[PDB]
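These notes concern the structure reproduced below.
Rule-based calculations on the coordinates, nothing more; no lab input. FYI the Cβ positions are ideal-geometry reconstructions off the backbone, even for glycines, and counts take in every protein chain you see.
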Amino acid sequence: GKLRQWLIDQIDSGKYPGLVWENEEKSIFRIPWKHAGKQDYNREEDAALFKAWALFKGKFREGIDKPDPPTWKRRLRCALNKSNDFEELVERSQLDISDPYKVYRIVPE
Amino acid sequence: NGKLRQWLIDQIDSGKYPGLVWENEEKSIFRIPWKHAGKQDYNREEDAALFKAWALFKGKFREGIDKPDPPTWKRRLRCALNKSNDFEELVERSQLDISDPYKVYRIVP
DNA sequence: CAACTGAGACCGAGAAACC
DNA sequence: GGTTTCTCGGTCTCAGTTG
């Protein structure tokens, strides 16, 4: 669908703190991934990306759909793991840190 | 695909767990031993065999590789029992606060 | 100070809905 | 067919509470 182009556009936009690359080829990038109870959680800051994917696919209409960051992140994560265009480098992801992040590589084809 | 129901029924019909017995012939209500770990009368091996068996069934524990954790096993089994739609708790009949405390659970068709 | 608890959050793996 | 999403049956995390 649009996941590949949408995600690379969102990383290139820079409007999401933590959504950055790792090299110049832009084949490997980071993505913020916080739990919803770690205290340092800002609802409108960390869920923004997961909100955009709900707005881009019509899964969430402002004013006509009650907010739900859980299912937003659920949808985006399921589509990201099941996509054959992204491979999560499990060893390079950093989970037990301050403001965690996950490392992905886009496979070209 | 839900192994909790059949596994619990097998562990009850086997009878190798003292206290894990039925209370009726329809096999729809049963007793489960629920002792606190802080008590001196808490035998760490026998009073936690079922939670350890649940950890071993779902591959959560491997003897000789991981460190034993009876509290986490108890927490896991309790969360599975509360979240599952099959077993429901009869708190009014649980009859805790006896030398051999227990919980009474009911099976739902 | 461990052990325990419920409630909300999370997750991977089919089974669908969908382009 | 390829792609995103919905189900589902557990598990995880946290702020409390209890022994």
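Would you please classify the overall shape of the stretch A:46-109 from the alpha carbon gyration tensor, given that a ≥ b ≥ c denote the square roots of the eigenvalues, rounded means a/c under 1.5, and beyond that prolate means a/b larger than b/c while oblate covers the rest?
oblate
As a check on your grasp of the helix formula, calculate [θ] at 222 nm for the protein assembly as shown: sum -39500 (n - 2.57) over DSSP H runs of n ≥ 4, divide by the residue count, round to the nearest 500.
-10000 deg cm²/dmol
From the backbone phi of the stretch A:95-103, what are the Karplus-calculated ³J(HN,Hα) couplings (6.51 cos²θ - 1.76 cosθ + 1.60, θ = phi - 60°) in whole Hz, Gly and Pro given as x?
9, 8, 9, 7, 6, x, 8, 10, 9
Tell me which GluC sites (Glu not before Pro) from the stretch A:64-108 have a DSSP coil assignment and no more than 10 other beta carbons within 10 Å of their own.
A:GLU91
Show me the three semi-axes of the equivalent ellipsoid for the protein assembly as shown, from the C-alpha gyration tensor (sqrt of 5 times each eigenvalue), largest first, rounded to whole Å.
Equivalent ellipsoid semi-axes, largest first: 46, 21, 17 Å.
Could you work out how far apart the two model spin labels at B:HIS36 and A:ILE64 are, taking each label as a point 7 Å from the Cα in the direction of the beta carbon, and quote it in nm?
It works out to 5.4 nm between the two label points.
Work out which trypsin sites (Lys or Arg not before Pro) in chain B are exposed loop sites (DSSP not H, G, I, E or B, at most 13 other Cβ within 10 Å) and give the longest gap free of them.
The segment B:63-109 is the longest one with no such site.
What list do you get for B:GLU45, A:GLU109, A:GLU22 if you sort them by fewest beta carbons within 10 Å?
A:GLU109, B:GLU45, A:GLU22
What Kirkwood Rh does the stretch A:3-106 have if only Cα atoms enter the pairwise 1/r average? Answer in Å.
Computed over Cα pairs of the stretch A:3-106, the Kirkwood hydrodynamic radius comes out at 14.3 Å.
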